[PDB]
Structures are given as structure tokens and as C-alpha cells.
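Asker: The structure that follows is given in the form of C-alpha cells.
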Amino acid sequence: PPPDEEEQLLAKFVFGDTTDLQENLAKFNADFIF
Amino acid sequence: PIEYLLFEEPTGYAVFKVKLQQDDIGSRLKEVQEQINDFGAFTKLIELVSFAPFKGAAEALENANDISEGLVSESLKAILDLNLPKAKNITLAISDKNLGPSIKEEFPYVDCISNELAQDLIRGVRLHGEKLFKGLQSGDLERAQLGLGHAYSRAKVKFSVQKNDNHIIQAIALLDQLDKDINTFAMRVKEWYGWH
Amino acid sequence: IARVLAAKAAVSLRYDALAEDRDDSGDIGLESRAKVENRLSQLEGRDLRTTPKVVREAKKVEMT
Amino acid sequence: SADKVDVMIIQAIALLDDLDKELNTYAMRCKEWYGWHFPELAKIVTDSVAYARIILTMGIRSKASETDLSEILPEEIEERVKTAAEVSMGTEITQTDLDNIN
Amino acid sequence: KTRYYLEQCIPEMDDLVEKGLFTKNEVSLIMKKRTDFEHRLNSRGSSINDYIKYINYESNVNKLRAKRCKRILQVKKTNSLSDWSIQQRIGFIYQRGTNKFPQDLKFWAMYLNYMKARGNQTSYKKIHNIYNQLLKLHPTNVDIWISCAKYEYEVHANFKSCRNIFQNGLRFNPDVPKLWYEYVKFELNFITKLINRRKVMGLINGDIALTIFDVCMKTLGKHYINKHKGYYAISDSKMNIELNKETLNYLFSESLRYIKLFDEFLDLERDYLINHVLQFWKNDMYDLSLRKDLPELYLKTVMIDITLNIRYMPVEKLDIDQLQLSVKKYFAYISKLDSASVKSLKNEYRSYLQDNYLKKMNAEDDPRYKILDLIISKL
Amino acid sequence: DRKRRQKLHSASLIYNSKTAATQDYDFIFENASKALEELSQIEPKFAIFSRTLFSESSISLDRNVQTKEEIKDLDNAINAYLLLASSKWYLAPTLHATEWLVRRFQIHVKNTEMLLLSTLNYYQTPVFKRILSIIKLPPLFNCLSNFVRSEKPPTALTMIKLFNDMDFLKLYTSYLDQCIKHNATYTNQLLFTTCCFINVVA
Amino acid sequence: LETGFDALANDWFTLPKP
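Protein sequence lines, in the order shown, are assigned to chains G, L, Y, E, H, B and F. Note that PDB author numbering numbers the first sequence so that position 34 is 46, with each residue one more than the last. So the second sequence is residues 3 to 89, 94 to 202, counted in PDB author numbering. Note that PDB author numbering numbers the third sequence so that position 26 is 384, with each residue one more than the last. Note that PDB author numbering numbers the fourth sequence so that position 59 is 213, with each residue one more than the last. So the fifth sequence is residues 3 to 207, 267 to 440, counted in PDB author numbering. Note that PDB author numbering numbers the sixth sequence so that position 133 is 153, with each residue one more than the last. So the seventh sequence is residues 65 to 74, 102 to 109, counted in PDB author numbering.
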């Protein structure tokens, strides 16, 4: 079965994942900030 | 056969544990002596286990007299009691041989050593001083010695403030200064009010 | 600035010393102060070291 | 006009320098005279006015434990004098000596 | 010697891959982060924050392993090295950090709290060792002495050991009034539990503190004299009197704290305990009489004595005879006090009676109200 | 190598070289997160960089190991941040917040032109002097090379010389265009922009 | 018994030059 959300948070810190970060960079629309 | 070392500071009593016992037959060899001088090597021999600072100036003077007379103060009895295990017999390195009998009477389970091997270790502790405490608050050893030195010296001499005559010298220097400035400022008051 | 300030001090001082009907305002001194500050600003804005300019190398171009 | 006489200026500036000299000498006397009781203060606090105020707030090193020097000195300096007070090399002084130093 | 630490983790990593919880790629990521921390700890300039960061990282790895065990293995505990490897490792980091930085009390506290949480894994004996080592490095921090005293009286309820802690701590720090306060607090807690247990025994079928109080008063006085005097004695007679006065007020406030402490313990005879404190101050101390030199402190002593019999009497059970005894005491002290003191002792006594009794009584239903109002008027 | 790491990590907008080399990314990130929150209170839009530029996972993000498509997205987010930070350089937290970008993302090396253009009007502020020390001036900004690691700040005259160049005007024209589209323009920018344009005509 | 330790967890010798 798929992991729980809390387990993903632990995995992100434990494995040093940055994919969630990279997705936010791609979705970054300058107009939204301005 | 030395496992614990007692060093007395002006600030308090410091007890150390000898991790590695330096060679006894080869004590006089140059390399082992060089280890005492070098800080990096010295840490490998000993490590600080406990430090009990004196509560105040009065306690430091009281223990200085006791340490001078080779007696065990209540503070020294406490720090050794907390450090030395009951245990065949724990070996303690002390600078003064006269202190050994007093420690033995309080603690029958400790045999004091003041041989040249102990003196070398005591000598190394004095050399590095605050550097060996690993940052633990020991104040400053130079300033502490200065205050304790005056206290220890004046106690034996029984110096009293009644003998003090520096008050007389200061008073005379101030009195004639007052007379000059009373005269000086008074003339200006005549000048300022002279116009009007 | 010492040479300039001393010159403007004399102008202000002479206004103070020889005045029959000077107002106690310092208007001449204030206007003199502005002149010295303006002299300071342009003098301080000066750059003794020559400014380097944008180097434009006509780098050799060979066709591909 | 009484408000436009320069001779006050020449006397005031001469007087101002005289006060600076004399106040300096009295400050040195206080530092030496009170320095007998507590010689370490001068190294800690160099200002003459702040030095004198410490005497007024606390007359004896004993009082250093309870007396507060916050309005005279910053935090780090005020604790330094407290530590120096107990470990000082100076001698005690009488109230008669204290009264004149105050 | 960073590499030697790296092989020690190899058996754990092989177990993780063998159990299937962590892939080789993931395990490689774990090893890379551990490698960075090991370099950081062994390098120059290392600080305690590096140890905390590595401990925090290992804790998260332990959490991830635990959930993957139930998620994938579907087992609470897999009998292999992986289960206790992290917990053993985290303790090792604490040992290295504490030894490297014995100054930081913050890291010592985390070390003890971390292990006390895992009581099953860490025997209480090892906890005593840490408290032993910590106490030696900082014998003068009363907070540490009370901590092991508190821990061994709550978790283990070994009163004998806790007494030795207070005896040892007071030996090193006899000048700290706080440590004396807690030791008396522990002493009364033992008696109250002991008497409560005695009460329970019947259902199913203290002076010792005052001695601690008395010695506390004397020793605190000595050290307060040792302080404020420095190396040398005070020659001037007037200052020596002022130092004596400072101790009296300093000790009187300390004794007043013990009076407040007594009120909490209902089971004990607080009036008997408080009366001993009053008797202590009736004795002349340091050649200074409280009545003559410190009337303000004497007045507070008189007020407590006057209200002693009626202090704990509830409004419902108020006895007129006991109130008469309180007033009889009050009149007796007036004949021996100056006019100014009488007015001060007067106003305080009226407020005490008004606030505690008159304000809490119904004027129309209680016949005692008129007597209290009449007494308050006459006082 | 270690020497290359020393130079890159030594660069700092808050601390000196010796102290900077000793610091760690986690320590720098901690201050930046607090600084952004203060900036977030002043202007809500700064919070949007928390999810992206000031996230915890950003500590593990090194700019060297990505593909080209991730870099351009990386540059875009930084370019937007420099615009919002442009008007708040007077505020202390902006300097702390930008420290993370300099240390983690080496904006002084990669986004050097964008950083300088944003802070042009702060030429007399000490922050600009510190920027000049830790930054390699692009070809256009050669006029400022004299004031790199210099006691005196750049003078008003030297600003005109940079603006006098036609190529620089085109570069500044584009940057000024971006502010107009995003409505990020502010009076101090317009004051400095008008003065330089007016002086260039003179 | 109250302890903050748990809560703590969470030049003079130079002459003038002529």
C-alpha cells in the first residue's frame, strides 16, 4: 500500500529529496507574486 | 599506578584522571619530557573529571592557610569524596607530601603519591592551566593569584588599617589644592561681578 | 576646504563684527555654509583615479 | 546691549579650560584616595564622572553585592565591578574616611 | 578516525537491504549524509549544534525504519540488528558530544531526557552514571542535584537515595538557600506520604524538617558574612553592625519563606511548626535584639504569633474562645510596644480580621458577626 | 577543490570572510527564514519565496547538478525575488534574506547583472559597496571596477558614465520594462532613473 | 521539587621617534 503523508515527510528529510522543491520552481509564475 | 591527580587552583580544587601512565624508567628521556611541554600530547595523559570553585574570597584564603599547613579543608574533603571511588587502593597524586597523611586519615582507601612522575604531571597542569579545563569557568588564574597573594601575605603580617597614613598624605594634597582653587575661582567671581 | 571655509568665515565674521543693525539670525552664515557644502560636494565627487572604460575587443571571427 | 559683549566669550572659554583642568585633578585624587579601598575600579571605568557616581551609590565594596549600577554603567561593566569588589586587594576604610571621600 | 565509524554502520545497512525496508540507492543516500556528519564532528571548529543535528537526523531515520517495518515487513519488531542499531548509535553521539563539550548543560539535559524516555532500553543504572558524571563536572549547580533527587523520588521512589543526594548537594553548596528549601520540601513530602499511608493502613484494617531549617539558618548566615567581607574582616564597628543587620534581614526573609512553605502541608501541625520559628527569632542572634534593633521585623513576628491560633480556623468553625485568646495576645503586646508600632500592629490586625472573617460572614444570620464587629471597633 | 570552495563560501553579505568560511548552510538558512518572515509581514508577497526559495529542502539543492530546464526556472524565481527586494534594501532583513541566495545559489556569480541592476540606486549605501567586493563586474559595469574594495563609494558622476553607454541603456531599458509590467516600480527607482537619464542628455 | 535543568532541555616600552 502507498505510504502515509507523514512517512513521505520523513522520507523527504531522510533522503534529502528536492523534487517537491523543483516542482514549486517550475510552477513559479512571476505574475502571481506581483 | 597513578589514576587520579589533585591540583589546587586559587579559584578551587581540580581533580583529574590519568588516562595513560607515562613510562617510569624512561621518565628522564627527552621525548617524554617534551610531551609534558606540548599541549596536544599532554591531553592524552590526563583529563579533568571535576572542578569545585571556592564560594568566595574568604573560602579561598581559608583553604590557602590549610593547604599551606598540609590540612584537609571541608571543601577538599567533599571534592575528594565525590571523586575518589571507595574501591585495591585508589592512587592519588598530590604535590605536597605533608598533605598525604591528612588525606589518608580522612580516606583510608587512598594512598598518596608525590614521586617525580607525579611532580611531572602536576608541573604540566600548572603549565597549561585554563587551557586544560575545556572551557569550564575557572575565571582567570592570574588575577585570582593577585588577590589571594595579598590576602595570604597580610594575614600572616596582621596588617591593620589603623597603621594607614596614606589618608594623611591625600588630605594634605587635597587641602592646599582646595585653597588654591577657592582663591582662584573667587577671583573670577570678583571679575565677573566686577563688570556689573 | 580649509582655504574655502576660512574665506567664508571672514565674510560672515565681518558681517557680525561691523554691523549696526544685524539681525540675530545668521542668514549670511547659513548662505555661506551652503556655498562651502556645494564646494565640498563637487570636490568630494571627484575621482582622482581615471575610470576604466568598457573594453571592446574586436575578437577575430572565423566562419563555420 | 548686555547681550552683545564679547568679553564674556573670551572669559567663558578661558574659564571652561580651567574647569577641565581642575576637575581632572580632583578626579585623579579621588581615584588614588578611593583606589586605596578598591584599586581595580579605575581600570574598569575610565570616566571621572561615572567613577565618582559609583562611590556615591556604593561607599564600600561590601555594598557592591546589593547596590545596582545600571543607571551609571552598562550591564557588562556593572557586573565586572561586582566581581572585582570581592576579589580586590584593597583595605577597608572607616565611615570618617568614607564621608570625606563622598 | 572518521572511517572507523563508517564500518560500524555497515552491518546495519546490510541488514536494512536484507530486510528489504531500504533500497541500495536509498541506503547509499543515508550513508552519504552520515559521512558528512562524521566529517563535521571530527573536524576542527566542531560545535554542539553539529551533534544535535546528527542526533536529530538519526531519530528521523529511526522513525522511517519503524513505519517501513509495519508498511512492508508487516511486523512490529524484526529480530535483527536494525532494531536497536539506531538507538545504540544515538547514545554514542551523546557520549561523544558530552565529553567534547562538558560545559553545555543544554546537551546534558537532552541526553538525560532522551534516555529517560526509553526506560526499557536504558537501565536506571546507566542514568545514575550520567548523573554521576554530570554532577562531578558541575558540583555547584544546585539544579542538577535536585534533578537526580527529583527523578529518583518520583520514578523510583527511593527516599534513601534522594536524601543522600540532598546531603551531598548541601555539602558542596551550603550557601544556596534554594537547595535547603527543596530539601525541606522533600522532607515534608515524605512525612505527608508516610502519614497518608498510615491513614490508609487504618482505613483498610515534622521536627526533622525544623532541624534542617535551623542548620540552614546558621550556615546561610555564615556564608553571607563570608561574602560582603571578602578576604579581610571589617574593622569599623558600625559596619560590622550593618553586616549583622544584613544577615538578620536576609535570614528573616529566608525564614519567612519556610513559614509560607508550611502552609501548603495541611496534615502537619503548622501551628506547632510556625511556633518553633517564632521561638527561634525570640532568641537573640548576633548580639542584636529584634525588638530594639529591627522593630519592623519584630512587628511581623508579633502579628504571626497573635494570629497563630486562628490562622487555620475556617469561618464556619470559628471559636470565640480562640478569638479571645488572639485578642488577649494582642493587648499584651501593646503594653510592651511604642505608640508608632502599636498603630502599625493595630491597622494590620484589623485588616486581617476584616478580610478573613468579617467579609466572609453573613451579617444577619451569624451571631459571631456582631462580636467581631464590636471587637474590631474596640481594638 | 578546497580552494575553490573557500572563495565561493567566503563571499558574504552579512559577515566577513574568516567568519563566513566557518559558517554552515543550516546556520545561514535559519537566519534567512526568520528574515523572510519579517519581510513577509511587511509585504505578503515575500511569503511566496518560502515555499520555493527559502524552503528547508533548498538546503540540499546545489545549482551545479541540474539540467538546463531546471536552471532557467531557478533563475526566474531569483529574478522575481530581486525585484521585490529592490525597494526594501534599506531594511536590514532583506540583506539577511538575500544572504541565503548568495550562499546557496551563488547569485553574485550567476545572476550578477540582475543583482546590480536592482541595487543601482543604492550606490551610496554601504550594502552596494559590499556587493561590489563579492561580485565580478560584467563587461558593462567596468566603470565600477575602481570602487571595488575601495573606501570611497561610487560617485554620482561615475553613475552617469555607466548610463552614458548606449548598450547599458538598452540593458537598463529592459530591466525598467520588467518593473513596469509587474508594477514593481517605486519612487526612489524613478528618482535615480530620471536623474541619470536627464544627466545623460546634458 | 522544581528543577530548571529539565526545562533547560526544551607600546609601553617604545620611546618617541625624533
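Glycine is no exception: its CB is placed at the ideal position from the N, C-alpha and C atoms.
Applying the 10 Å Cβ sphere with the 16-neighbour rule, what's the burial state of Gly403/Y?
Answerer: Exposed, because fewer than 16 other Cβ atoms sit within 10 Å of the Cβ of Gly403/Y.
Asker: Taking C-beta pairs closer than 7 Å, name the residues in chain Y that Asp185/B reaches, listed in chain order.
Answerer: In chain order: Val412.
Asker: Given a cut-off of 8 Å on the beta-carbon distance, is the pair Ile367/H and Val338/H in contact?
Answerer: Result no, Cβ atoms of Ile367/H and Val338/H do not sit closer than 8 Å.
Asker: Examine chain L for any beta-carbon lying closer than 8 Å to the beta-carbon of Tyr311/H, and answer yes or no.
Answerer: No, no contact with chain L.
Asker: Do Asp297/H and the ligand SAH come close, with the Cβ less than 7 Å from some heavy atom?
Answerer: This structure lacks the ligand SAH, and indeed carries no ligand of any kind.
Asker: Residues of the stretch 274 to 306 of chain H with a CB closer than 8 Å to any CB of chain L: list them in chain order, please.
Answerer: Against chain L - using a Cβ distance shorter than 8 Å - the residues of the stretch 274 to 306 of chain H are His284, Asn287, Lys288, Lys290, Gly291, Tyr292, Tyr293 and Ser296.
Asker: Could you tell me whether the stretch 161 to 179 of chain E touches the stretch 149 to 168 of chain L, using the rule of 3 or more Cβ pairs below 8 Å?
Answerer: Counting Cβ pairs under 8 Å, fewer than three are found: no touch.
Asker: Could one say the Cβ of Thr67/F lies closer than 8 Å to chain H's Cβ atoms, at least one of them?
Answerer: Yes - at least one Cβ of chain H is within 8 Å of the one on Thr67/F.
Asker: Answer yes if the stretch 105 to 114 of chain B comes into contact with the stretch 11 to 22 of chain L, meaning at least three C-beta pairs across the two stretches below 8 Å, and no otherwise.
Answerer: They do not touch, by the three-pair rule.
Asker: Since I believe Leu329/H is in contact with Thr194/H (beta carbons under 8 Å), could you give me their beta-carbon distance rounded to a whole number of angstroms?
Answerer: Indeed they touch by this definition, with Cβ atoms about 7 Å apart.
Asker: Could you check what DSSP says for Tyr373/H in three-state terms: helix, strand or coil?
Answerer: It is coil, neither helix nor strand.
Asker: By Cβ distance, which residues of its chain are closer than 7 Å to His128/B, with the 5 residues on each side in sequence left out?
Answerer: Cβ within range, chain order: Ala31, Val122, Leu135, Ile154 and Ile155.
Asker: Got a sec, what are the start and stop residues for the alpha helix (DSSP H) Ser120/L sits in?
Answerer: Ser120/L -> no alpha helix (DSSP H), and no H or E assigned at all.
Asker: What's the gap between the Cα of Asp16/G and the Cα of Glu20/H?
Answerer: Cα to Cα, the separation comes out at about 23 Å.
Asker: Of all the residues that make up the stretch 164 to 187 of chain E, which are near chain L by a beta-carbon distance shorter than 8 Å?
Answerer: If the cut-off is 8 Å between Cβ atoms, the stretch 164 to 187 of chain E has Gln165, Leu169, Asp172, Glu176, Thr179, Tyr180, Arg183, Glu186 and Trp187 near chain L.
Asker: Go through the stretch 326 to 373 of chain H residue by residue and report every complete run of the alpha helix (DSSP H) that reaches 4 residues or more, in order.
Answerer: Counting only runs of 4 or more, we get 331 to 343, 351 to 354 and 356 to 367.
Asker: Verify whether the separation of the beta carbon atoms of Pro174/B and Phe167/B is less than 8 Å.
Answerer: In this structure, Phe167/B lies closer than 8 Å to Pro174/B by Cβ.
Asker: Which residues in chain L sit within 9 Å of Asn160/H, going by Cβ to Cβ distance?
Answerer: Near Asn160/H there are no residues of chain L at all, since even the closest Cβ is about 19 Å away, more than 9 Å.
Asker: Indicate the three-state DSSP secondary structure (helix, strand or coil) for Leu103/B in the structure shown.
Answerer: Correct three-state label for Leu103/B: helix.
Asker: Should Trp86/H be labelled buried (16 or more other beta-carbon atoms within 10 Å of its own) or exposed?
Answerer: Classification of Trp86/H: exposed, given that the 10 Å Cβ count is below 16.
Asker: In the DSSP assignment, find the alpha helix (DSSP H) that holds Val122/B and state where it starts and stops.
Answerer: From DSSP, the alpha helix (DSSP H) with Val122/B extends over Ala112 to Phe125.
Asker: Determine the closest residue to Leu406/H out of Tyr394/H, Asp416/H and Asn417/H, with distance taken between C-alpha atoms.
Answerer: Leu406/H has its Cα closest to that of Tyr394/H, out of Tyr394/H, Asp416/H and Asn417/H.
Asker: Between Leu98/L and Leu8/L, how many whole angstroms is the CB-CB distance? I'm expecting something under 8 Å.
Answerer: Going by Cβ atoms, the distance from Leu98/L to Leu8/L rounds to 6 Å, so yes, they are a contact pair.
Asker: Do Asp102/L and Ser77/L have their beta-carbon atoms positioned less than 8 Å apart in this structure?
Answerer: Result no, Cβ atoms of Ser77/L and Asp102/L do not sit closer than 8 Å.
Asker: How should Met421/Y be labelled, buried or exposed, when 16 other C-beta atoms within 10 angstroms of its C-beta is the threshold for buried?
Answerer: Per the 10 Å Cβ criterion, exposed.
Asker: Which term fits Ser84/H, buried or exposed, when burial requires 16 or more other beta carbons within 10 angstroms of its beta carbon?
Answerer: The residue in question, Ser84/H, is buried, as its Cβ has 16 or more Cβ neighbours within 10 Å.
Asker: Terminal residues of the continuous beta strand (DSSP E) containing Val51/L?
Answerer: From DSSP, the beta strand (DSSP E) with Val51/L extends over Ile48 to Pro55.
Asker: Any idea which residues DSSP pairs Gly14/L with across the strands?
Answerer: BP columns for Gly14/L point to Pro55/L.
Asker: Using a Cβ-Cβ distance under 8 Å, would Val241/E count as near chain L?
Answerer: Interface residue, yes.
Asker: Secondary structure at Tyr6/L, three-state DSSP: helix, strand or coil?
Answerer: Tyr6/L falls in the strand class under three-state DSSP.
Asker: So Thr245/E packs on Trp190/E, CB below 8 Å; how close in whole Å?
Answerer: Between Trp190/E and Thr245/E the Cβ distance is about 7 Å, and since that is below 8 Å, they are a contact.
Asker: With DSSP collapsed to three states, give me the class of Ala416/Y.
Answerer: It is coil, neither helix nor strand.
Asker: Please say whether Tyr126/H and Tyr96/H have beta carbons closer to each other than 8 Å?
Answerer: Not a contact, by the Cβ cut-off of 8 Å.
Asker: Ends of the alpha helix (DSSP H) at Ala67/B?
Answerer: It is not in any alpha helix (DSSP H) - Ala67/B carries neither H nor E in the DSSP assignment.
Asker: List the DSSP bridge partners of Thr39/B.
Answerer: Looking at the DSSP assignment, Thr39/B forms no beta bridge with any residue, so it has no partner.
Asker: By the criterion of Cβ-Cβ separation under 8 Å, what are the contact partners of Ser75/B in chain G?
Answerer: The answer, in chain order, is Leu33 and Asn36.
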